[PDB]
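Trainee: Quick one: the structure is below, and I'll ask about it shortly.
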There are 2 protein chains.
Amino acid sequence: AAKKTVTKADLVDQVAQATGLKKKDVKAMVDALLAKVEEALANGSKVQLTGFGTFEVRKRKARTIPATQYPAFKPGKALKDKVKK
Amino acid sequence: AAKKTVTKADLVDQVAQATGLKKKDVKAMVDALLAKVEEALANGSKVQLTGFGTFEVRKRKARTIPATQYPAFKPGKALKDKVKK
């Protein structure tokens, strides 16, 4: 990649530019968005982002030692297709 | 979960509410944000969201039939910790 790592800060700048919205506002939106995705996953919600992918909490049964649960992302078809060479 | 599936549309509403920003603006920001994450992954960038997790393109070598590549998400520690029971 020309830019090897794109950060949250880089994305705020790119989104401010693309939308013409204030950087201060985009920054507040991104932090709130991630907080709300977290909150939803903590409640056991699926977080479905049409056209992008789904976050969900997956479980490992105790057999697997004790039962555990963890966050995961299932990429959508559009995203899978765009990342193919 | 009280809300079994949280959608992109639900998140726009939750973020508008939390930030006091206009729904039209939050909607534009979210669509741009996801587009820019996609674009970065298509270029082979890592997308690092401090405090949330990292998206990256992973490869399967041809041995595995032909070589393939696919998007993946590695959740960060904070998110992993919040999703534990």
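Ordered as shown in the structure tokens, chains take letters A, B, and onward, while each chain numbers its residues from 1 and ligands are numbered from 1 in the order shown.
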Using only C-alpha atoms, find the residues of chain B whose closest atom to chain A is at most 9 Å away, then write them as a VMD selection string.
Mentor: chain B and resid 1 to 9 11 to 12 14 to 16 18 to 19 21 25 to 26 28 to 30 32 to 52 57 68 to 75 79 to 85
Trainee: Taking C-alpha atoms for each residue, export the selection above as a PDB file, in the first residue's frame.
Mentor:
ATOM      1  CA  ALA B   1     -29.882  -8.521  23.802  1.00  0.00           C
ATOM      2  CA  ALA B   2     -32.895  -6.197  24.228  1.00  0.00           C
ATOM      3  CA  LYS B   3     -32.195  -5.089  20.640  1.00  0.00           C
ATOM      4  CA  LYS B   4     -31.114  -8.228  18.763  1.00  0.00           C
ATOM      5  CA  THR B   5     -29.785  -6.498  15.642  1.00  0.00           C
ATOM      6  CA  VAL B   6     -28.430  -2.988  15.552  1.00  0.00           C
ATOM      7  CA  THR B   7     -28.261  -1.612  12.020  1.00  0.00           C
ATOM      8  CA  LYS B   8     -26.283   1.129  10.293  1.00  0.00           C
ATOM      9  CA  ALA B   9     -29.506   3.167  10.406  1.00  0.00           C
ATOM     10  CA  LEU B  11     -26.261   3.666  14.701  1.00  0.00           C
ATOM     11  CA  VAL B  12     -26.829   6.921  12.777  1.00  0.00           C
ATOM     12  CA  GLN B  14     -27.767   6.752  18.244  1.00  0.00           C
ATOM     13  CA  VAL B  15     -24.780   8.828  17.146  1.00  0.00           C
ATOM     14  CA  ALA B  16     -26.936  11.845  16.162  1.00  0.00           C
ATOM     15  CA  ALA B  18     -25.183  11.306  21.510  1.00  0.00           C
ATOM     16  CA  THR B  19     -23.354  14.089  19.603  1.00  0.00           C
ATOM     17  CA  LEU B  21     -25.254  16.563  15.304  1.00  0.00           C
ATOM     18  CA  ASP B  25     -24.649  14.838   8.570  1.00  0.00           C
ATOM     19  CA  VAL B  26     -24.080  11.694  10.642  1.00  0.00           C
ATOM     20  CA  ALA B  28     -23.087  11.200   5.288  1.00  0.00           C
ATOM     21  CA  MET B  29     -20.189  10.680   7.699  1.00  0.00           C
ATOM     22  CA  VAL B  30     -20.902   6.982   8.286  1.00  0.00           C
ATOM     23  CA  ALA B  32     -17.997   8.097   3.840  1.00  0.00           C
ATOM     24  CA  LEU B  33     -16.216   6.376   6.724  1.00  0.00           C
ATOM     25  CA  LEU B  34     -17.131   2.918   5.503  1.00  0.00           C
ATOM     26  CA  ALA B  35     -16.203   3.839   1.923  1.00  0.00           C
ATOM     27  CA  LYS B  36     -12.764   5.020   3.082  1.00  0.00           C
ATOM     28  CA  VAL B  37     -12.182   1.876   5.152  1.00  0.00           C
ATOM     29  CA  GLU B  38     -13.023  -0.142   2.041  1.00  0.00           C
ATOM     30  CA  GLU B  39     -10.725   1.908  -0.175  1.00  0.00           C
ATOM     31  CA  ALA B  40      -7.857   1.509   2.278  1.00  0.00           C
ATOM     32  CA  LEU B  41      -8.298  -2.263   2.491  1.00  0.00           C
ATOM     33  CA  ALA B  42      -8.508  -2.482  -1.321  1.00  0.00           C
ATOM     34  CA  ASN B  43      -5.054  -0.809  -1.438  1.00  0.00           C
ATOM     35  CA  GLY B  44      -3.697  -3.261   1.103  1.00  0.00           C
ATOM     36  CA  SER B  45      -3.519  -0.772   3.973  1.00  0.00           C
ATOM     37  CA  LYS B  46      -4.003  -1.862   7.582  1.00  0.00           C
ATOM     38  CA  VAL B  47      -6.813   0.203   9.129  1.00  0.00           C
ATOM     39  CA  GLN B  48      -6.011   0.722  12.785  1.00  0.00           C
ATOM     40  CA  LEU B  49      -8.778   2.092  15.050  1.00  0.00           C
ATOM     41  CA  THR B  50      -7.092   2.724  18.370  1.00  0.00           C
ATOM     42  CA  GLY B  51      -9.226   1.420  21.179  1.00  0.00           C
ATOM     43  CA  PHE B  52     -11.424  -0.685  18.883  1.00  0.00           C
ATOM     44  CA  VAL B  57      -6.194  -8.006   4.277  1.00  0.00           C
ATOM     45  CA  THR B  68      -6.674 -15.758  -2.230  1.00  0.00           C
ATOM     46  CA  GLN B  69      -6.946 -12.721  -0.010  1.00  0.00           C
ATOM     47  CA  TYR B  70      -9.676 -11.551   2.253  1.00  0.00           C
ATOM     48  CA  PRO B  71     -10.597  -8.878   4.758  1.00  0.00           C
ATOM     49  CA  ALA B  72     -10.336  -9.563   8.471  1.00  0.00           C
ATOM     50  CA  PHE B  73     -10.758  -7.733  11.792  1.00  0.00           C
ATOM     51  CA  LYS B  74      -8.572  -8.165  14.853  1.00  0.00           C
ATOM     52  CA  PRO B  75     -10.385  -6.836  17.899  1.00  0.00           C
ATOM     53  CA  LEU B  79     -13.238  -4.374  22.956  1.00  0.00           C
ATOM     54  CA  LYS B  80     -12.332  -7.971  23.904  1.00  0.00           C
ATOM     55  CA  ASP B  81     -12.569  -7.023  27.576  1.00  0.00           C
ATOM     56  CA  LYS B  82     -15.956  -5.269  27.211  1.00  0.00           C
ATOM     57  CA  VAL B  83     -17.531  -8.327  25.517  1.00  0.00           C
ATOM     58  CA  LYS B  84     -16.590 -10.811  28.227  1.00  0.00           C
ATOM     59  CA  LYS B  85     -19.407 -11.771  30.554  1.00  0.00           C
TER      60      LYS B  85
END
Trainee: Please return the superposed copy of chain B as a JSON list (two decimals) with N, CA and C atoms, in the first residue's frame; the fit should be least squares onto chain A across all sequentially paired Cα atoms.
Mentor:
[["chain", "number", "residue", "atom", "x", "y", "z"],
["B", 1, "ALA", "N", 0.87, -1.21, 0.00],
["B", 1, "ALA", "CA", 0.00, 0.00, 0.00],
["B", 1, "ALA", "C", 0.89, 1.23, 0.00],
["B", 2, "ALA", "N", 0.45, 2.30, -0.66],
["B", 2, "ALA", "CA", 1.20, 3.59, -0.58],
["B", 2, "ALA", "C", 1.21, 4.13, 0.85],
["B", 3, "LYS", "N", 0.08, 3.98, 1.54],
["B", 3, "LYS", "CA", -0.05, 4.29, 2.96],
["B", 3, "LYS", "C", -0.21, 2.97, 3.73],
["B", 4, "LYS", "N", 0.84, 2.51, 4.42],
["B", 4, "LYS", "CA", 0.78, 1.18, 5.00],
["B", 4, "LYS", "C", -0.24, 1.02, 6.13],
["B", 5, "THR", "N", -0.39, 2.05, 6.96],
["B", 5, "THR", "CA", -1.33, 2.01, 8.05],
["B", 5, "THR", "C", -2.19, 3.27, 7.97],
["B", 6, "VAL", "N", -3.50, 3.08, 7.95],
["B", 6, "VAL", "CA", -4.42, 4.16, 7.99],
["B", 6, "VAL", "C", -5.04, 4.18, 9.38],
["B", 7, "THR", "N", -4.88, 5.28, 10.10],
["B", 7, "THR", "CA", -5.38, 5.38, 11.46],
["B", 7, "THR", "C", -6.76, 5.99, 11.58],
["B", 8, "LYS", "N", -7.32, 5.93, 12.79],
["B", 8, "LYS", "CA", -8.58, 6.62, 13.08],
["B", 8, "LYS", "C", -8.45, 8.11, 12.73],
["B", 9, "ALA", "N", -7.34, 8.72, 13.14],
["B", 9, "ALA", "CA", -7.05, 10.11, 12.82],
["B", 9, "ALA", "C", -7.00, 10.36, 11.29],
["B", 10, "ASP", "N", -6.36, 9.46, 10.53],
["B", 10, "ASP", "CA", -6.35, 9.60, 9.07],
["B", 10, "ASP", "C", -7.77, 9.55, 8.50],
["B", 11, "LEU", "N", -8.57, 8.63, 9.02],
["B", 11, "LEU", "CA", -9.95, 8.50, 8.55],
["B", 11, "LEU", "C", -10.81, 9.72, 8.83],
["B", 12, "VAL", "N", -10.64, 10.33, 10.00],
["B", 12, "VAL", "CA", -11.33, 11.60, 10.31],
["B", 12, "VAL", "C", -11.00, 12.62, 9.24],
["B", 13, "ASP", "N", -9.72, 12.77, 8.93],
["B", 13, "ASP", "CA", -9.31, 13.72, 7.90],
["B", 13, "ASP", "C", -9.88, 13.41, 6.53],
["B", 14, "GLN", "N", -9.87, 12.14, 6.14],
["B", 14, "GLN", "CA", -10.38, 11.72, 4.84],
["B", 14, "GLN", "C", -11.88, 11.95, 4.77],
["B", 15, "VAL", "N", -12.58, 11.64, 5.84],
["B", 15, "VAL", "CA", -14.03, 11.82, 5.88],
["B", 15, "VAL", "C", -14.42, 13.31, 5.92],
["B", 16, "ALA", "N", -13.72, 14.12, 6.71],
["B", 16, "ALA", "CA", -13.95, 15.57, 6.69],
["B", 16, "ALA", "C", -13.82, 16.12, 5.27],
["B", 17, "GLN", "N", -12.76, 15.72, 4.60],
["B", 17, "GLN", "CA", -12.54, 16.14, 3.26],
["B", 17, "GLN", "C", -13.64, 15.70, 2.28],
["B", 18, "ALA", "N", -14.05, 14.44, 2.34],
["B", 18, "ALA", "CA", -15.02, 13.89, 1.40],
["B", 18, "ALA", "C", -16.43, 14.48, 1.60],
["B", 19, "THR", "N", -16.78, 14.79, 2.84],
["B", 19, "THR", "CA", -18.12, 15.26, 3.20],
["B", 19, "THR", "C", -18.23, 16.78, 3.29],
["B", 20, "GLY", "N", -17.09, 17.45, 3.40],
["B", 20, "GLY", "CA", -17.05, 18.88, 3.67],
["B", 20, "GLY", "C", -17.54, 19.26, 5.05],
["B", 21, "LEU", "N", -17.59, 18.30, 5.97],
["B", 21, "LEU", "CA", -18.00, 18.57, 7.34],
["B", 21, "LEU", "C", -16.78, 18.91, 8.19],
["B", 22, "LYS", "N", -17.01, 19.59, 9.31],
["B", 22, "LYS", "CA", -15.93, 20.02, 10.19],
["B", 22, "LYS", "C", -15.21, 18.85, 10.82],
["B", 23, "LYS", "N", -13.88, 18.93, 10.85],
["B", 23, "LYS", "CA", -13.06, 17.90, 11.45],
["B", 23, "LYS", "C", -13.47, 17.64, 12.89],
["B", 24, "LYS", "N", -13.75, 18.69, 13.66],
["B", 24, "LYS", "CA", -14.18, 18.54, 15.06],
["B", 24, "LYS", "C", -15.47, 17.68, 15.16],
["B", 25, "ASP", "N", -16.35, 17.84, 14.18],
["B", 25, "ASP", "CA", -17.63, 17.13, 14.16],
["B", 25, "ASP", "C", -17.43, 15.70, 13.74],
["B", 26, "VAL", "N", -16.58, 15.49, 12.74],
["B", 26, "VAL", "CA", -16.31, 14.11, 12.25],
["B", 26, "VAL", "C", -15.62, 13.35, 13.37],
["B", 27, "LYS", "N", -14.72, 14.01, 14.10],
["B", 27, "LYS", "CA", -14.01, 13.33, 15.18],
["B", 27, "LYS", "C", -14.95, 12.86, 16.30],
["B", 28, "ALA", "N", -15.92, 13.70, 16.63],
["B", 28, "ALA", "CA", -16.94, 13.41, 17.64],
["B", 28, "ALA", "C", -17.83, 12.27, 17.15],
["B", 29, "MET", "N", -18.16, 12.29, 15.87],
["B", 29, "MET", "CA", -19.01, 11.24, 15.30],
["B", 29, "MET", "C", -18.36, 9.86, 15.31],
["B", 30, "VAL", "N", -17.08, 9.80, 14.92],
["B", 30, "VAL", "CA", -16.35, 8.55, 14.88],
["B", 30, "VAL", "C", -16.20, 7.99, 16.29],
["B", 31, "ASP", "N", -15.87, 8.83, 17.26],
["B", 31, "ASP", "CA", -15.69, 8.31, 18.61],
["B", 31, "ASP", "C", -17.03, 7.78, 19.15],
["B", 32, "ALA", "N", -18.11, 8.51, 18.89],
["B", 32, "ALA", "CA", -19.44, 8.06, 19.31],
["B", 32, "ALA", "C", -19.84, 6.78, 18.60],
["B", 33, "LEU", "N", -19.56, 6.69, 17.30],
["B", 33, "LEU", "CA", -19.91, 5.50, 16.54],
["B", 33, "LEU", "C", -19.25, 4.27, 17.10],
["B", 34, "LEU", "N", -17.94, 4.35, 17.33],
["B", 34, "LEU", "CA", -17.24, 3.21, 17.91],
["B", 34, "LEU", "C", -17.71, 2.88, 19.31],
["B", 35, "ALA", "N", -18.02, 3.88, 20.11],
["B", 35, "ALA", "CA", -18.58, 3.63, 21.46],
["B", 35, "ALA", "C", -19.91, 2.88, 21.39],
["B", 36, "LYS", "N", -20.75, 3.24, 20.41],
["B", 36, "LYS", "CA", -22.07, 2.63, 20.29],
["B", 36, "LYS", "C", -21.97, 1.22, 19.73],
["B", 37, "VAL", "N", -20.97, 0.97, 18.87],
["B", 37, "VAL", "CA", -20.76, -0.40, 18.39],
["B", 37, "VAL", "C", -20.34, -1.23, 19.59],
["B", 38, "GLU", "N", -19.36, -0.76, 20.35],
["B", 38, "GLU", "CA", -18.98, -1.45, 21.58],
["B", 38, "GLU", "C", -20.13, -1.78, 22.53],
["B", 39, "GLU", "N", -20.95, -0.79, 22.81],
["B", 39, "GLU", "CA", -22.06, -0.93, 23.73],
["B", 39, "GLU", "C", -22.99, -2.02, 23.21],
["B", 40, "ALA", "N", -23.30, -1.97, 21.92],
["B", 40, "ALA", "CA", -24.18, -2.99, 21.34],
["B", 40, "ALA", "C", -23.62, -4.41, 21.46],
["B", 41, "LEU", "N", -22.34, -4.57, 21.14],
["B", 41, "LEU", "CA", -21.70, -5.87, 21.30],
["B", 41, "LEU", "C", -21.66, -6.36, 22.76],
["B", 42, "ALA", "N", -21.46, -5.42, 23.68],
["B", 42, "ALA", "CA", -21.46, -5.75, 25.12],
["B", 42, "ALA", "C", -22.84, -6.28, 25.57],
["B", 43, "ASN", "N", -23.92, -5.81, 24.93],
["B", 43, "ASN", "CA", -25.26, -6.29, 25.20],
["B", 43, "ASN", "C", -25.62, -7.60, 24.52],
["B", 44, "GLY", "N", -24.78, -8.01, 23.59],
["B", 44, "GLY", "CA", -24.98, -9.20, 22.80],
["B", 44, "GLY", "C", -25.73, -8.99, 21.51],
["B", 45, "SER", "N", -25.88, -7.74, 21.12],
["B", 45, "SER", "CA", -26.47, -7.38, 19.82],
["B", 45, "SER", "C", -25.55, -7.83, 18.68],
["B", 46, "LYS", "N", -26.14, -8.16, 17.53],
["B", 46, "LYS", "CA", -25.41, -8.19, 16.26],
["B", 46, "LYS", "C", -25.40, -6.74, 15.74],
["B", 47, "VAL", "N", -24.31, -6.30, 15.13],
["B", 47, "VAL", "CA", -24.21, -4.98, 14.57],
["B", 47, "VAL", "C", -24.03, -5.21, 13.08],
["B", 48, "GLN", "N", -25.07, -4.90, 12.32],
["B", 48, "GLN", "CA", -25.12, -5.18, 10.91],
["B", 48, "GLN", "C", -24.89, -3.86, 10.16],
["B", 49, "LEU", "N", -23.87, -3.81, 9.31],
["B", 49, "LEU", "CA", -23.56, -2.61, 8.54],
["B", 49, "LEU", "C", -23.72, -3.03, 7.09],
["B", 50, "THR", "N", -24.91, -2.78, 6.55],
["B", 50, "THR", "CA", -25.26, -3.19, 5.22],
["B", 50, "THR", "C", -24.21, -2.67, 4.25],
["B", 51, "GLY", "N", -23.68, -3.58, 3.45],
["B", 51, "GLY", "CA", -22.72, -3.21, 2.44],
["B", 51, "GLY", "C", -21.29, -3.26, 2.91],
["B", 52, "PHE", "N", -21.08, -3.61, 4.19],
["B", 52, "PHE", "CA", -19.75, -3.61, 4.81],
["B", 52, "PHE", "C", -19.49, -4.94, 5.53],
["B", 53, "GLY", "N", -20.23, -5.20, 6.60],
["B", 53, "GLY", "CA", -20.12, -6.48, 7.29],
["B", 53, "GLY", "C", -20.86, -6.46, 8.61],
["B", 54, "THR", "N", -20.76, -7.56, 9.35],
["B", 54, "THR", "CA", -21.47, -7.67, 10.62],
["B", 54, "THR", "C", -20.51, -7.98, 11.75],
["B", 55, "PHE", "N", -20.68, -7.25, 12.85],
["B", 55, "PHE", "CA", -20.00, -7.62, 14.09],
["B", 55, "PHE", "C", -20.95, -8.43, 14.98],
["B", 56, "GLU", "N", -20.38, -9.38, 15.70],
["B", 56, "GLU", "CA", -21.18, -10.20, 16.58],
["B", 56, "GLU", "C", -20.29, -10.75, 17.68],
["B", 57, "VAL", "N", -20.91, -11.19, 18.75],
["B", 57, "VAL", "CA", -20.21, -11.89, 19.83],
["B", 57, "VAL", "C", -20.32, -13.37, 19.61],
["B", 58, "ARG", "N", -19.18, -14.04, 19.51],
["B", 58, "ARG", "CA", -19.16, -15.48, 19.31],
["B", 58, "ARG", "C", -18.83, -16.17, 20.59],
["B", 59, "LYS", "N", -19.32, -17.39, 20.75],
["B", 59, "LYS", "CA", -19.06, -18.15, 21.96],
["B", 59, "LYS", "C", -18.19, -19.39, 21.74],
["B", 60, "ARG", "N", -17.37, -19.69, 22.74],
["B", 60, "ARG", "CA", -16.68, -20.95, 22.79],
["B", 60, "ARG", "C", -17.26, -21.68, 24.01],
["B", 61, "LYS", "N", -17.81, -22.87, 23.78],
["B", 61, "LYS", "CA", -18.34, -23.72, 24.86],
["B", 61, "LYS", "C", -17.22, -24.15, 25.79],
["B", 62, "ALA", "N", -17.56, -24.46, 27.04],
["B", 62, "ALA", "CA", -16.56, -24.86, 28.03],
["B", 62, "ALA", "C", -15.73, -26.07, 27.61],
["B", 63, "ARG", "N", -16.34, -27.05, 26.96],
["B", 63, "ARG", "CA", -15.54, -28.19, 26.43],
["B", 63, "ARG", "C", -14.22, -27.73, 25.73],
["B", 64, "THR", "N", -14.36, -27.09, 24.57],
["B", 64, "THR", "CA", -13.27, -26.43, 23.82],
["B", 64, "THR", "C", -11.87, -26.56, 24.46],
["B", 65, "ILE", "N", -11.90, -26.74, 29.84],
["B", 65, "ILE", "CA", -11.62, -25.31, 29.99],
["B", 65, "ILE", "C", -12.92, -24.51, 29.95],
["B", 66, "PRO", "N", -12.91, -23.25, 30.45],
["B", 66, "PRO", "CA", -14.19, -22.56, 30.65],
["B", 66, "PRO", "C", -14.72, -21.91, 29.38],
["B", 67, "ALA", "N", -16.02, -21.63, 29.38],
["B", 67, "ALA", "CA", -16.68, -21.00, 28.24],
["B", 67, "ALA", "C", -16.20, -19.56, 28.14],
["B", 68, "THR", "N", -16.04, -19.07, 26.92],
["B", 68, "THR", "CA", -15.57, -17.72, 26.69],
["B", 68, "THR", "C", -16.37, -17.12, 25.56],
["B", 69, "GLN", "N", -16.31, -15.80, 25.43],
["B", 69, "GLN", "CA", -17.01, -15.16, 24.32],
["B", 69, "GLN", "C", -16.18, -14.00, 23.86],
["B", 70, "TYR", "N", -16.29, -13.69, 22.58],
["B", 70, "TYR", "CA", -15.37, -12.77, 21.97],
["B", 70, "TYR", "C", -16.00, -12.07, 20.77],
["B", 71, "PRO", "N", -15.48, -10.88, 20.45],
["B", 71, "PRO", "CA", -16.06, -10.17, 19.32],
["B", 71, "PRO", "C", -15.49, -10.67, 18.01],
["B", 72, "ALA", "N", -16.30, -10.65, 16.95],
["B", 72, "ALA", "CA", -15.84, -11.06, 15.65],
["B", 72, "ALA", "C", -16.53, -10.22, 14.58],
["B", 73, "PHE", "N", -15.92, -10.18, 13.41],
["B", 73, "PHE", "CA", -16.47, -9.47, 12.24],
["B", 73, "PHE", "C", -16.57, -10.42, 11.07],
["B", 74, "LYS", "N", -17.74, -10.40, 10.42],
["B", 74, "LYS", "CA", -17.99, -11.20, 9.24],
["B", 74, "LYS", "C", -18.10, -10.21, 8.06],
["B", 75, "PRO", "N", -17.10, -10.20, 7.18],
["B", 75, "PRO", "CA", -17.19, -9.23, 6.10],
["B", 75, "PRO", "C", -18.27, -9.58, 5.11],
["B", 76, "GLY", "N", -18.93, -8.55, 4.61],
["B", 76, "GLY", "CA", -19.93, -8.71, 3.60],
["B", 76, "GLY", "C", -19.37, -8.98, 2.24],
["B", 77, "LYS", "N", -20.25, -9.40, 1.34],
["B", 77, "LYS", "CA", -19.81, -9.74, 0.00],
["B", 77, "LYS", "C", -19.14, -8.61, -0.76],
["B", 78, "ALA", "N", -19.72, -7.42, -0.68],
["B", 78, "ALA", "CA", -19.14, -6.27, -1.37],
["B", 78, "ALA", "C", -17.70, -6.00, -0.95],
["B", 79, "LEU", "N", -17.46, -6.08, 0.34],
["B", 79, "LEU", "CA", -16.12, -5.84, 0.89],
["B", 79, "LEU", "C", -15.19, -6.98, 0.47],
["B", 80, "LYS", "N", -15.67, -8.23, 0.53],
["B", 80, "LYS", "CA", -14.85, -9.37, 0.13],
["B", 80, "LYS", "C", -14.44, -9.21, -1.33],
["B", 81, "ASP", "N", -15.38, -8.77, -2.16],
["B", 81, "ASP", "CA", -15.13, -8.63, -3.59],
["B", 81, "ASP", "C", -14.11, -7.52, -3.88],
["B", 82, "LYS", "N", -14.22, -6.41, -3.15],
["B", 82, "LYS", "CA", -13.31, -5.27, -3.36],
["B", 82, "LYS", "C", -11.86, -5.56, -2.94],
["B", 83, "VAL", "N", -11.67, -6.54, -2.06],
["B", 83, "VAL", "CA", -10.32, -6.83, -1.54],
["B", 83, "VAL", "C", -9.59, -7.92, -2.34],
["B", 84, "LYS", "N", -10.32, -8.63, -3.19],
["B", 84, "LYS", "CA", -9.67, -9.55, -4.11],
["B", 84, "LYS", "C", -8.72, -8.82, -5.06],
["B", 85, "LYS", "N", -7.64, -9.47, -5.44],
["B", 85, "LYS", "CA", -6.76, -8.88, -6.43],
["B", 85, "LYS", "C", -7.42, -8.97, -7.81]]
Trainee: Run DSSP on the backbone and grab whatever in chain A lands in strand (DSSP E or B); send it over as a compact mmCIF listing (two decimals) with C-alpha atoms, in the first residue's frame.
Mentor:
# COMPACT_ATOMS: atom_id res chain seq x y z
CA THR A 5 -1.33 2.01 8.05
CA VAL A 6 -4.42 4.16 7.99
CA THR A 7 -5.38 5.38 11.46
CA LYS A 46 -25.41 -8.19 16.26
CA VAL A 47 -24.21 -4.98 14.57
CA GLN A 48 -25.12 -5.18 10.91
CA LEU A 49 -23.56 -2.61 8.54
CA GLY A 53 -20.12 -6.48 7.29
CA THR A 54 -21.47 -7.67 10.62
CA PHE A 55 -20.00 -7.62 14.09
CA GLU A 56 -21.18 -10.20 16.58
CA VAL A 57 -20.21 -11.89 19.83
CA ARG A 58 -19.16 -15.48 19.31
CA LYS A 59 -19.06 -18.15 21.96
CA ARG A 60 -16.68 -20.95 22.79
CA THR A 68 -15.57 -17.72 26.69
CA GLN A 69 -17.01 -15.16 24.32
CA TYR A 70 -15.37 -12.77 21.97
CA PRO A 71 -16.06 -10.17 19.32
CA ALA A 72 -15.84 -11.06 15.65
CA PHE A 73 -16.47 -9.47 12.24
CA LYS A 74 -17.99 -11.20 9.24
CA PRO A 75 -17.19 -9.23 6.10
Trainee: So which bits of stretch 12-52 of chain B end up helix (DSSP H, G or I) when you DSSP the backbone, as a list in words?
Mentor: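 Helix (DSSP H, G or I) assignments inside stretch 12-52 of chain B correspond to residues 12, 13, 14, 15, 16, 17, 18, 19, 23, 24, 25, 26, 27, 28, 29, 30, 31, 32, 33, 34, 35, 36, 37, 38, 39, 40, 41, 42 and 43 of chain B.
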